[PDB]
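Novice: So that we are looking at the same thing, I have put the structure below in structure tokens.
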Amino acid sequence: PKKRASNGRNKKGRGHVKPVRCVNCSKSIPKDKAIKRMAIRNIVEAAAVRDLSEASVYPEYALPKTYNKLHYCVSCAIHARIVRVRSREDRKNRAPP
Amino acid sequence: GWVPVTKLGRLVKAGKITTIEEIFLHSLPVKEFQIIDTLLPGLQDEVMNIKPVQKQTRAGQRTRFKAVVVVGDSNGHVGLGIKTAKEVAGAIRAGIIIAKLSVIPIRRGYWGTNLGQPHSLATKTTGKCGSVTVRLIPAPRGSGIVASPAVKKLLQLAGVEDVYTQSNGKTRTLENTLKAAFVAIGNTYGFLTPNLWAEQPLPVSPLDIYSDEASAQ
Amino acid sequence: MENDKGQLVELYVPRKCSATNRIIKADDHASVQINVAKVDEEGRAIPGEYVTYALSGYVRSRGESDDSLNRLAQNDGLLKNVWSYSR
Amino acid sequence: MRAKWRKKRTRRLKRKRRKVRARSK
Amino acid sequence: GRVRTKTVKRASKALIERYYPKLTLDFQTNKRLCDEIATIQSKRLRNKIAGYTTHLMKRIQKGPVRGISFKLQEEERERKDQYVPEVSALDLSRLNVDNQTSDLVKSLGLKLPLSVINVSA
Amino acid sequence: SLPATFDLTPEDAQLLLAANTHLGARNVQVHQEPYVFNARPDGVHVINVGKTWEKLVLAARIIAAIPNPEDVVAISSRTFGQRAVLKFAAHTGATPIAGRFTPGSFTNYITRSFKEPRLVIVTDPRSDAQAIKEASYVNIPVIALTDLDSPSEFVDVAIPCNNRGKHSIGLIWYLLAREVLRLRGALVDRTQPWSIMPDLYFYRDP
Amino acid sequence: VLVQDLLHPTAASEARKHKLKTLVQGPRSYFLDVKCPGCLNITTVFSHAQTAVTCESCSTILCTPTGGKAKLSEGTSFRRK
Amino acid sequence: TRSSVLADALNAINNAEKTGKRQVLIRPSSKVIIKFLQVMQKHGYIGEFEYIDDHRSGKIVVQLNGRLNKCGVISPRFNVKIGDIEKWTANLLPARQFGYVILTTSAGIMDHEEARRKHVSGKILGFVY
Amino acid sequence: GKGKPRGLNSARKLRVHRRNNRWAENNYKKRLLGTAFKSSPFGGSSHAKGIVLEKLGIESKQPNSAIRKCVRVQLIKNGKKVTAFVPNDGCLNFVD
RNA sequence: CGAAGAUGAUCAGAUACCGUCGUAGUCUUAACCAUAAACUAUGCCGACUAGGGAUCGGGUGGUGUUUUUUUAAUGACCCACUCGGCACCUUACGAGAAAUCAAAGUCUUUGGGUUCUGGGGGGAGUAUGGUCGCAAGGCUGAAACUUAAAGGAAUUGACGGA
Ligand SMILES: [Mg+2]
Ligand SMILES: [Mg+2]
Ligand SMILES: [Mg+2]
Ligand SMILES: [Mg+2]
Ligand SMILES: [Mg+2]
Ligand SMILES: [Mg+2]
Ligand SMILES: [Mg+2]
Ligand SMILES: [Mg+2]
Ligand SMILES: [Mg+2]
Ligand SMILES: [Mg+2]
Ligand SMILES: [Mg+2]
Ligand SMILES: [Zn+2]
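Residue numbers (the deposited numbering), protein chains in the order written: chain Ba, 2 to 98; chain BC, 34 to 250; chain BV, 1 to 87; chain An, 1 to 25; chain BR, 2 to 95, 100 to 126; chain BA, 2 to 207; chain Bb, 2 to 82; chain BW, 2 to 130; chain BX, 2 to 97.
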């Protein structure tokens, strides 16, 4: 039976968007379905800031950041515990926590 | 002599409410079954189906026993209630209890020229429980109960003498068929015929008028 | 209903909803009957003497039995300027 | 028997049955 | 490991309900008068009942304990609750009324004092 | 039916216009635009307090029509009405329920909170919904202190009042007990104020 | 609302409807007696006028067509109907 | 599209009779709508209905009081003889003692009981009870 | 309008559509194609005499387990080969 | 990048996953094909029935911000409406077997108009015949025979290298 109203994706009015590649296993997956997380890490680690801080010219310099949009497939985002299958009443929630 | 709780039942053991038609008129929830025993003493019960439903456990099968029981006097009141119990004593005896609390009247009528003593119903009414749909149709005299013997017994105990039956869905599902029949005989009073178009004084309940020999502090 | 020889035979005339004219029937346990006491000079109870309305379960459950009673009590005089006909 | 995989078995037999009539003609 | 069963806590709560102007914050007299006012089949059972009941009173002397009702707190708790403030709330200190609040009072036709202040948007 | 003396006295309006009872919600339910008067900037909706009184007098006419005064059950789960419901309960007959309602009260005749009111008054139809829903099973009319954003399903009588402040809730409960006692043999004259002050219905901290 | 008066609705509740969905549909547009700054002569311009209307003297524009009402030419006095 | 405006009249009535309304609005006001509404009026099923003469085709506001359970169209307008009115009314109407099946007839748009008295017949429009 | 055309002049489109969808029944497709006489060894009849060739013992289907004691019969009227059950306790000794 | 194919490991076996290559293909031009879980498994048109807020595009009105610099264009934003759309949320009057659905409602109280399709499961989208295509195949499309269940939705358990 129809498990989700929005079937697995975000497509009510297209028929077709474009596919994207899963960054784990290179599965071709539609972009509206895929699963998207934004990873904004600091460049080094939080643990290694003070070592790079003392051993640097340019005091309080920038500590830059690494941004990358990650598209997963459903098989790879479940296995990497990103979406973590919910209950029948819970899965209707559309807020991040 | 049963210590009535529930104010309406306190008036009924008193003798202040003599008719169940006054309960029906103000739509009062009968929660105590001795209200029905005293007001409708000539009441007969027929136990029909004792089907055992079963529940799967880690091991074994626990076969509880359902019951459908129709109570009714053949002057225009029946009830119907389902009792799934561990034993068929508690299925039958408490099934008669739940049958009595649901007792509702039927608006008998005429196919008819209006020569005396209503023999039939006054309206084609339907009732839908599950896939089952039951239509009851007014019928001329001597028609008998043209119904399946499940729906025939519910209408015999409601005192209908002449009625036609359409059916749909799984009438072999016995619970839904009588439940859909019960909605059909229940909607006989819900149907606004032209002789009910007269504006009525909208009276005062016994629980307002007799508010001191009820509500025993 | 009556038979041929007079004899109003019914077994019971049901009440009506005062707002939507439906039959209030023996299982409508969402249906109410409100008694509103008439009031004598300078504001007492007149015990026993009511301005009585009945609402079926449908007009309540639709959320309209508020404004049903607003209209039903305004024309009886009980309310003065709460309900306006031209909505 | 996935019905798609029964199909490509059948489409194989669709060719062979119209081969054996062209064989005899 | 010292959580008490419902049969200790019901019987303790049933003692507080009908024997508050009796047994006090001492365990030893609570132990001894549960011999007369209750029929308890064991000495070990009686002492657990008498001890939680003793624990209950020590809680009652600082505030009521929910799940327990008797009159000795009931006419106490209303006597805290009859207090009226003489701060004259719902009396005018000097009545803040907006423009579309002044239009309402005018359209009721009544006599009120107001103070007209615009709303910042 | 109400001669001239049941008009909103301007001394009652100083109570209602200073307890912030006129400030309604930001979202008006379609069953409540009767009660709305001329929306203010920053979305403030002004309830007509004249229509508040006439519903309140009508409510008291319903309350002073049940011959036992005790089976007028009054409900308040929210704390802002919790003092006010008990002060309503002491002055009139008025079997109170303050705080949690314990479902199975109107039905479920074997319970220890088993009641059969002939009338229920609630403070918020949102929070007291278990009382309002269970009133729909045993034919009980419901009066309700309603804001403009509140569900009117199975609410027969709706007193349009602000439910955000504490003074607005407490005032309406005070005047509701008042007109019941005024419209029977308990507070005989209609023209003097009650010496029972409005602020004994009001919530306090701590 | 279960009882209302569709025959005589509120006139504010009539201006808050589409020009078709009212009780008697009709135009919400109008005509304007427009004067140029150059002279005194009188033209009649529709609301949603779809046309760069030119007068006798200032024969360039008096209103510019837009997607709705025509915007008048910023020096021209108008008067309704 | 809009083929039978009688259905556009008689579905706006049932949809608001069911929801307890004391009024409907009917668009677009045929004569057949009016002379259906007049038969429903004269037998006790609606109240006053008022026709709004706009300059196109008419709106109609009907005051529905409370007495109506079902009104509807039998589409297409079947040729009804005089010996099948007792088969047409026996299928649409709940009991014999009340309810009316509305015919079209060259003697006029009319219900079935007096069409049996007038000994006339014709096409069928619908029913009311 | 629930599928079908309702109109007065649409009696043909309903009648064509009925015959079209009438073929999906089991008896109408059998009776109108005449498979009783063409196929079906008893060519539309109820009883047919035949000549006994053989006595077969057919295994009964699982979960039953018995030998069913039929015979093999060539029909006199048609020459077709059929298997015929011999129903009672015994009675295979009665045939030949 | 990669049907095929070559090759490297493991597995008891691998004519498979995985690693490295790699023809056809993937791109295009000019012609064929005509199928997709071609899906919203929901024909198209029309009417009515219930509240909400957000967005898109269009329009109307603010002596509203924005350029607060004397009686401060235009865009953008804010607020209220209505027109149309993609959706959604809440309830469930109704509907259904339920999952759910303001449509899948206005349906035994069965008739707004109209097109196509289905008739227990297989055999079988098979045979044959016609037709279309360079072909792969497409469209139309059986019967004999066999079968007492197949299936749908939800419940409880059980089990999951969840
Ligand atoms: Mg699944
Ligand atoms: Mg697609
Ligand atoms: Mg068709
Ligand atoms: Mg390609
Ligand atoms: Mg296809
Ligand atoms: Mg399809
Ligand atoms: Mg299509
Ligand atoms: Mg829209
Ligand atoms: Mg088949
Ligand atoms: Mg085909
Ligand atoms: Mg072929
Ligand atoms: Zn000029």
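Every residue gets a Cβ at the ideal spot worked out from N, C-alpha and C, and that includes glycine.
(1) Mind listing the chain BW neighbours of Bb/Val-4? Cutoff is C-beta to C-beta under 8 Å, in chain order.
(2) Quick check on DSSP: helix, strand or coil for BX/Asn-22?
(3) What number of angstroms, rounded off, separates the C-alpha of Ba/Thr-67 from the C-alpha of Ba/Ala-56?
(4) Quick one: does BV/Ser-18 have its CB under 8 Å from some CB of chain BA?
(5) Rounded to whole angstroms, how far is the Cβ of BV/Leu-78 from the Cβ of BV/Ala-19, which I believe are closer than 8 Å?
(6) Does ligand 3 have even one heavy atom less than 7 Å from the beta-carbon of Ba/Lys-70?
(7) What does the alpha-carbon distance come out to for the pair BW/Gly-45 and BW/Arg-23?
(8) How would the residue list near ligand 12 read, in chain order, if you kept each one whose beta-carbon is closer than 6 Å to any heavy atom?
(9) Could one say the Cβ of BV/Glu-64 lies closer than 8 Å to chain Bb's Cβ atoms, at least one of them?
(10) When you compare only the Cα positions, how much space is there between Ba/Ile-30 and Ba/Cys-74?
(11) Assuming Ba/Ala-40 and Ba/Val-21 make a contact with CB atoms under 8 Å, what is their CB distance in whole Å?
(12) Just to make sure I have the definition right: I need the residues of chain BA whose C-beta is within less than 9 Å of the C-beta of BR/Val-124. Which are they?
(13) Can you tell me which of the three DSSP states BC/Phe-98 falls into?
(14) Regarding residue 214 of chain BA and ligand 3, is the C-beta to nearest heavy atom distance less than 7 Å?
(15) Which one or two residues does DSSP pair with BW/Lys-60 in a beta bridge?
(16) Which term fits BC/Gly-142, buried or exposed, when burial requires 16 or more other beta carbons within 10 angstroms of its beta carbon?
(17) Since BA/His-23 meets chain BV, which of its residues come closer than 7 Å, beta carbon to beta carbon?
(18) Run through chain BW and tell me which residues come within less than 7 Å of Bb/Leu-8, C-beta to C-beta.
(19) Under 7 Å from any heavy atom of ligand 2, does the C-beta of Ba/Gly-16 make it?
(20) So, does the CB of BW/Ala-96 fall closer than 8 Å to a CB anywhere in chain BC?
(21) Would you kindly work out how many angstroms separate the C-alpha atoms of BX/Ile-68 and BX/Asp-90, rounded to a whole number?
(22) By the DSSP assignment, the alpha helix (DSSP H) with BA/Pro-11 in it spans what residues?
(23) So BW/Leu-26 is in the beta strand (DSSP E); what residue range does that whole segment cover?
(24) Check whether chain BC comes within 8 Å of BV/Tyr-85, counting only Cβ atoms and requiring the distance to be less than that.
(25) Determine the chain BC residues that contact BW/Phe-99 at a beta-carbon separation under 7 Å, and present them in chain order.
(26) Name the DSSP bridge partner or partners of Bb/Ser-78?
(27) Smallest Cα separation from BA/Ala-26: which of BA/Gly-186, BA/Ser-151, BA/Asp-157 and BA/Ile-197?
(28) For BW/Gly-59, which residues in the same chain have their Cβ closer than 7 Å to its Cβ, ignoring the five residues on either side in sequence?
(29) Going along the chain, which residues of its own chain have a beta-carbon closer than 8 Å to the beta-carbon of BA/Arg-101, five neighbours each way excluded?
(30) When you compare the stretch 109-121 of chain BA with the stretch 58-73 of chain BA, are there three or more beta-carbon pairs, one atom per stretch, that lie closer than 8 Å?
(31) By how many angstroms is the C-alpha of BA/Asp-157 removed from the C-alpha of BV/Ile-24?
(32) Is BA/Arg-113 close to chain BC? Criterion is C-beta to C-beta, closer than 8 Å.
(33) If we call anything under 8 Å between Cβ atoms a contact, is BA/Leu-146 one with BA/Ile-133?
(34) Indicate the three-state DSSP secondary structure (helix, strand or coil) for BV/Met-1 in the structure shown.
(35) For BC/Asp-106, name the three-state secondary structure that DSSP assigns.
Specialist: In short, the structure shows the following:
(1) Taking the seventh sequence and counting its residues from 1, one reaches residue 4 of chain Bb at position 3. Near Bb/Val-4 (Cβ distances below 8 Å), the residues of chain BW are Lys-22, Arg-23 and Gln-24.
(2) For the purposes of this step, residue 22 of chain BX is taken as residue 21 along the ninth sequence, with counting starting at 1. Helix.
(3) Mapped onto the first sequence, residue 67 of chain Ba falls at position 66. Mapped onto the first sequence, residue 56 of chain Ba falls at position 55. Here the C-alpha atom of Ba/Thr-67 lies approximately 21 Å from the C-alpha atom of Ba/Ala-56.
(4) For the purposes of this step, residue 18 of chain BV is identified with residue 18 of the third sequence, where counting begins at 1. No, no contact with chain BA.
(5) On the third sequence, residue 78 of chain BV is found 78 positions in, with the first residue counted as 1. On the third sequence, residue 19 of chain BV is found 19 positions in, with the first residue counted as 1. The Cβ separation is near 15 Å, so there is no contact.
(6) In the first sequence, counting from the first residue as 1, residue 70 of chain Ba sits at position 69. Answer for Ba/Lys-70: no, Cβ out of range of ligand 3.
(7) Locating residue 45 of chain BW in the eighth sequence gives position 44, counting from the first residue. Locating residue 23 of chain BW in the eighth sequence gives position 22, counting from the first residue. The C-alpha of BW/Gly-45 lies about 14 Å from the C-alpha of BW/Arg-23.
(8) Near ligand 12, residues with a Cβ at less than 6 Å from any of the ligand's heavy atoms are Bb/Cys-37, Bb/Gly-39, Bb/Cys-40, Bb/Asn-42, Bb/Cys-56, Bb/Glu-57, Bb/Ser-58 and Bb/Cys-59; the list follows chain order.
(9) The residue you call residue 64 of chain BV lines up with position 64 of the third sequence. So yes, BV/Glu-64 belongs to the interface.
(10) The residue labelled residue 30 of chain Ba in the question sits at position 29 within the first sequence. The residue labelled residue 74 of chain Ba in the question sits at position 73 within the first sequence. Roughly 7 Å between the two C-alpha positions.
(11) By 1-based counting over the first sequence, the position of residue 40 of chain Ba is 39. By 1-based counting over the first sequence, the position of residue 21 of chain Ba is 20. No, Ba/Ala-40 and Ba/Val-21 are not in contact; Cβ-Cβ is about 16 Å, not under 8 Å.
(12) For the purposes of this step, residue 124 of chain BR is taken as the residue at position 119 of the fifth sequence. For BR/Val-124, the chain BA residues whose C-beta falls within less than 9 Å of its own C-beta are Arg-41, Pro-42, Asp-43 and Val-45, listed in chain order.
(13) The residue labelled residue 98 of chain BC in the question sits at position 65 within the second sequence. In the three-state scheme derived from DSSP, where H, G and I count as helix and E and B as strand, BC/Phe-98 is classed as strand.
(14) Within the shown structure, residues of chain BA are numbered from 2 to 207, placing residue 214 of chain BA beyond reach of any answer.
(15) Taking the first residue of the eighth sequence as position 1, residue 60 of chain BW is located at position 59. Beta-bridge partners of BW/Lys-60 (DSSP): BW/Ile-53.
(16) Mapped onto the second sequence, residue 142 of chain BC falls at position 109. Per the 10 Å Cβ criterion, buried.
(17) Here the question's residue 23 of chain BA lines up with position 22 in the sixth sequence. Near BA/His-23 there are no residues of chain BV at all, since even the closest Cβ is about 15 Å away, more than 7 Å.
(18) One-based indexing of the seventh sequence puts residue 8 of chain Bb at position 7. Neighbours of Bb/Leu-8 on chain BW, chain order: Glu-51 and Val-62.
(19) Counting from 1 along the first sequence, the entry for residue 16 of chain Ba is found at position 15. For Ba/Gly-16, the shortest C-beta to heavy atom distance toward ligand 2 is below 7 Å.
(20) For the purposes of this step, residue 96 of chain BW is taken as residue 95 along the eighth sequence, with counting starting at 1. It does; some Cβ of chain BC falls within 8 Å.
(21) Residue numbering aside, residue 68 of chain BX sits at position 67 when the ninth sequence is read from its first letter. Residue numbering aside, residue 90 of chain BX sits at position 89 when the ninth sequence is read from its first letter. Between BX/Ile-68 and BX/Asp-90, the C-alpha separation is close to 12 Å.
(22) For the purposes of this step, residue 11 of chain BA is taken as the residue at position 10 of the sixth sequence. It spans 11-19 - the alpha helix (DSSP H) in which BA/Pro-11 sits, taken as one unbroken run.
(23) Position 25 of the eighth sequence, counted from the first residue, corresponds to residue 26 of chain BW. Its beta strand (DSSP E) spans residues 25-27.
(24) By one-based count along the third sequence, residue 85 of chain BV stands at place 85. With 8 Å as the cut-off, BV/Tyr-85 does not count as an interface residue toward chain BC.
(25) Stepping through the eighth sequence from its first residue, residue 99 of chain BW is reached at position 98. From the beta-carbon of BW/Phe-99, the residues of chain BC found nearer than 7 Å are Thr-226 and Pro-227.
(26) Here residue 78 of chain Bb refers to the residue found at position 77 when the seventh sequence is read from its first residue. Per DSSP, Bb/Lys-36.
(27) For the purposes of this step, residue 26 of chain BA is identified with residue 25 of the sixth sequence, where counting begins at 1. Taking BA/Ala-26 as reference, the option from BA/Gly-186, BA/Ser-151, BA/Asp-157 and BA/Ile-197 with the minimal CA-CA separation is BA/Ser-151.
(28) The residue you call residue 59 of chain BW lines up with position 58 of the eighth sequence. Excluding five sequence positions before and after BW/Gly-59, the CB atoms of its chain that fall closer than 7 Å to its own CB belong to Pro-29, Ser-30, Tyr-52 and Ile-53, given in chain order.
(29) Indexing the sixth sequence from 1 puts residue 101 of chain BA at position 100. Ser-78.
(30) The stretch 109-121 of chain BA and the stretch 58-73 of chain BA touch, with no fewer than 3 CB-CB distances between them shorter than 8 Å.
(31) Against the third sequence, residue 24 of chain BV aligns to sequence position 24. Against the sixth sequence, residue 157 of chain BA aligns to sequence position 156. For BV/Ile-24 and BA/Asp-157, the gap between their C-alpha atoms comes out near 16 Å.
(32) Residue 113 of chain BA sits at position 112 when you count from the first residue of the sixth sequence. Chain BC, which has no Cβ nearer than 8 Å to the Cβ of BA/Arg-113, makes this no.
(33) Here residue 146 of chain BA is taken as the residue at index 145 of the sixth sequence, counted from 1. Here residue 133 of chain BA is taken as the residue at index 132 of the sixth sequence, counted from 1. No, the pair does not count as a contact, with Cβ atoms beyond the cut-off.
(34) Mapped onto the third sequence, residue 1 of chain BV falls at position 1. Three-state result, BV/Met-1: coil.
(35) Residue numbering aside, residue 106 of chain BC sits at position 73 when the second sequence is read from its first letter. Note: BC/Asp-106 maps to strand in three-state DSSP.
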